[PDB]
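Accompanying notes for the structure given below.
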Amino acid sequence: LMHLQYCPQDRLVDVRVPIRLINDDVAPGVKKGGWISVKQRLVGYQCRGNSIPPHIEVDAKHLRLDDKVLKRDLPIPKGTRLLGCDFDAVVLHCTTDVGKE
Amino acid sequence: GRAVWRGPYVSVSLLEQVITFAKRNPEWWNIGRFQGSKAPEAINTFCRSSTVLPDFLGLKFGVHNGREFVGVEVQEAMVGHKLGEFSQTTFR
Amino acid sequence: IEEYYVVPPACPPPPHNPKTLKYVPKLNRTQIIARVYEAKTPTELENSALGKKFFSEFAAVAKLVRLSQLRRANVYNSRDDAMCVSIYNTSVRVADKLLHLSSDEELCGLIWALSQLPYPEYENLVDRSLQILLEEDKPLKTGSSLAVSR
Amino acid sequence: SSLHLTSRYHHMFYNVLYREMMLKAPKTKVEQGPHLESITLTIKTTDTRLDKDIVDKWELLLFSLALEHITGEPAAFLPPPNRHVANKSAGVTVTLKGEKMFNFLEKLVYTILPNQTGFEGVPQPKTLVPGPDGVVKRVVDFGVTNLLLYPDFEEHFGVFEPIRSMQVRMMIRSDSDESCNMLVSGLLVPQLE
Amino acid sequence: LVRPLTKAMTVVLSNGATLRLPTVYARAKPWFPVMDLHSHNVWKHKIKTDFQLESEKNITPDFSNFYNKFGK
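Protein chains in written order, with the authors' numbering: chain At, 187 to 287; chain Bs, 6 to 97; chain Xa, 53 to 202; chain Ad, 41 to 233; chain Ay, 0 to 71.
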């Protein structure tokens, strides 16, 4: 079953936008031996019908070990605003832990 | 103890050590010592029988105990006593 | 045996995050006054200006002036009478706190509105307005005859 | 009527101190500001000459009488630690609010505390677990180690000789710990920091 | 179960001011505390003037309080 919403160009909709990474290979943390862990694949946004971001581009070219990117640091394109109040939530984390498995 | 009307005892060698220290650090001696800054260096001595002066306030003394120089920083409450009362020679 | 509590830290909104994507235009004093006067029922008059940003000294005077016109021109039931009483009680109390900021025209209108309305007069609103206008220079310099006539 | 029926501190708090706190710490609502709710006075067995955790009530009557003189209101025995023990208690307590609370604070600060040897400041407040109402409260605790400084225990000294010490707790409602300190300073109680 | 009657007593401070405070008993003679808020050093305001600040900044050594016990 497929659920769709009637979305004119002048309506406000809530969209869970995926998070994408750029320049992950070129990063001090990766070179040292760490990896970038994504804690929230999707983030909530309120967007207009005419401007829905296909994805959020987060640059990690200048991240070292123990660097964390929170919701406050996410880009906010034109015509959209962040939803909710649970800011200061970890989205990206450059670490070396592998879950202690 | 020593008769009060005859004054204290202080060794001449101890006084010479302090005078040299003052010349080396004129700024701390005149100003810094009273704001609360710690002494830039310590003075080692064998004069365990000398009385502690309040002009020795903020000074750091290394008092010989037979093996090494035990650090002693002068406080107001230590005034009037001998340097040898704050450097122990026996250990249990 | 007594546990202790840690207050969670506050959540400051991030910068450059619009509070709303809707179109809410800014309102000046002139627009608020026009909105207040363009009211047909006590409920509309009550909701014409609410909040400490819009319910200022000038808004309180406008509500009293418009309330007098509606009371004289229309007959109301019990529910609308209660709405009118609420409007009068709140507007006067606001005036009693921001009286010193009122202008000459506002004070002239306030006296006229208070005389027409039948509810009990507030503490000394009329006397205070008279004292401010008793210098005898404001009435002489009142260019608008409407304020003098009122 | 030549009787003490007024409260100096009560007038000071509402007519003088309250406005000053508002200017220092602006808040949206008038009632949003520091407030002193109650003061609790407790005497336990560990603060008396008696050496036992659980003692009979007839041995604690003297201490209960002492609190009555200090506070002017009758005190109550602490509840028994368990149902099995019925006639034995573990101390006495009294709670004050309103004008009586302010009068006790005035006398303590002006006369008794300055005459206590080892006093520098009251400790920092501690935050308790919010109750069902969801209100956060802070408590400031300190003790008085010389109860024979009051001018009331001189009429019959031999009776009041065993009185040694007392504990005091104050409950404050405020938005933050800094606000609690501001209120305490307004009360003329130095805080140890 | 019956609260006692509270009377008033006059307390004189170091500055000569008088205060009426509650008391269970009655005392005809004013009571003089050994120490009060004004006399105690803890209850002192920390507001200092420019003159006081200048005095603290500019201080030269003063060795009198020790070596006087010698000259006598």
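Here a beta-carbon is modelled for each residue, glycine too, at the ideal position from N, C-alpha and C.
Closer than 8 angstroms to chain Ad by CB, residue i
i: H44(Ay); result: no
i: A27(Ay); result: no
i: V146(Xa); result: no
i: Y174(Xa); result: no
i: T5(Ay); result: yes
i: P21(Ay); result: yes
i: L52(Ay); result: no
Own chain residues within Cβ distance below 7 angstroms of residue i, not counting five before or after
i: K92(Ad); result: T85
i: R81(Xa); result: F110
i: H124(Ad); result: none
i: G76(Bs); result: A47, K65, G67
i: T194(Xa); result: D156, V200
Cut-off 6 angstroms between Cβ atoms - residues of its own chain near residue i, not counting five sequence neighbours on either side
i: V180(Ad); result: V162, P165, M210
i: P239(At); result: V203, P263
i: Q195(At); result: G235, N236
i: residue 25(Xa); result: There is simply no residue 25(Xa) to check, as chain Xa begins at 53 and stops at 202 in what is shown.
i: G215(At); result: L249, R250, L251, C280
Distance between residue j and residue i (C-alpha atoms, nearest Å)
i: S237(At); j: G230(At); result: 15 angstroms
i: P172(Xa); j: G103(Xa); result: 25 angstroms
i: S13(Ay); j: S38(Ay); result: 7 angstroms
i: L207(At); j: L227(Ad); result: 57 angstroms
i: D49(Ay); j: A27(Bs); result: 32 angstroms
i: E158(Xa); j: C220(Ad); result: 44 angstroms
i: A8(Bs); j: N64(Ay); result: 20 angstroms
i: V199(At); j: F273(At); result: 20 angstroms
i: residue 216(Xa); j: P66(Xa); result: No answer is possible for residue 216(Xa): it lies beyond the span of chain Xa, which begins at 53 and ends at 202.
i: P120(Ad); j: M61(Ad); result: 42 angstroms
i: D60(Bs); j: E77(Ad); result: 53 angstroms
i: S104(Ad); j: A62(Xa); result: 45 angstroms
i: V146(Xa); j: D156(Xa); result: 17 angstroms
i: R124(Xa); j: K78(Xa); result: 33 angstroms
i: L88(Bs); j: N49(Bs); result: 12 angstroms
i: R2(Ay); j: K137(Ad); result: 15 angstroms
i: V149(Ad); j: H51(Ad); result: 17 angstroms
i: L187(Ad); j: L145(Ad); result: 15 angstroms
i: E160(Ad); j: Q51(Ay); result: 24 angstroms
Helix, strand or coil at residue i [DSSP, three-state]
i: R38(Bs); result: helix
i: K217(At); result: helix
i: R53(Bs); result: coil
i: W30(Ay); result: strand
i: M83(Bs); result: helix
i: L223(Ad); result: helix
i: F159(Ad); result: coil
i: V175(Ad); result: coil
i: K140(Ad); result: helix
i: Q232(At); result: strand
i: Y49(Ad); result: helix
i: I184(Xa); result: helix
i: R213(Ad); result: strand
i: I205(At); result: strand
Interface flag, residue i vs chain Ay, CB-CB below 8 angstroms
i: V17(Bs); result: no
i: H50(Ad); result: no
i: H196(Ad); result: no
Min CB distance residue i to chain Xa below 8 angstroms
i: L118(Ad); result: no
i: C193(At); result: no
i: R234(At); result: yes
i: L168(Ad); result: yes
i: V208(Ad); result: no
i: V70(Ad); result: no
Buried/exposed call for residue i, threshold 16 Cβ in 10 Å
i: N143(Ad); result: buried
i: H279(At); result: buried
i: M222(Ad); result: buried
i: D35(Ay); result: buried
i: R59(Ad); result: exposed
i: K147(Ad); result: buried
i: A25(Ay); result: exposed
i: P170(Xa); result: exposed
Contacts around residue i, its chain only, beta-carbon distance under 8 angstroms, and the 5 residues preceding and following it disregarded
i: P64(Xa); result: none
i: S223(At); result: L278, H279, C280, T281
Near the ligand ATP: residue i beta-carbon under 7 angstroms from a heavy atom
i: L101(Ad); result: The ligand ATP is absent from the structure shown, which contains no ligand whatsoever.
Min CB distance residue i to chain At below 8 angstroms
i: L73(Xa); result: yes
C-beta neighbour in chain Bs for residue i, strict 8 angstroms
i: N64(Ay); result: yes
i: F69(Ay); result: yes
| task | Residues of the segment 128-154 of chain Ad with a CB closer than 8 angstroms to any CB of chain C: list them in chain order, please. | result | Absent from the structure is chain C; the protein chains it does hold are At, Bs, Xa, Ad and Ay.
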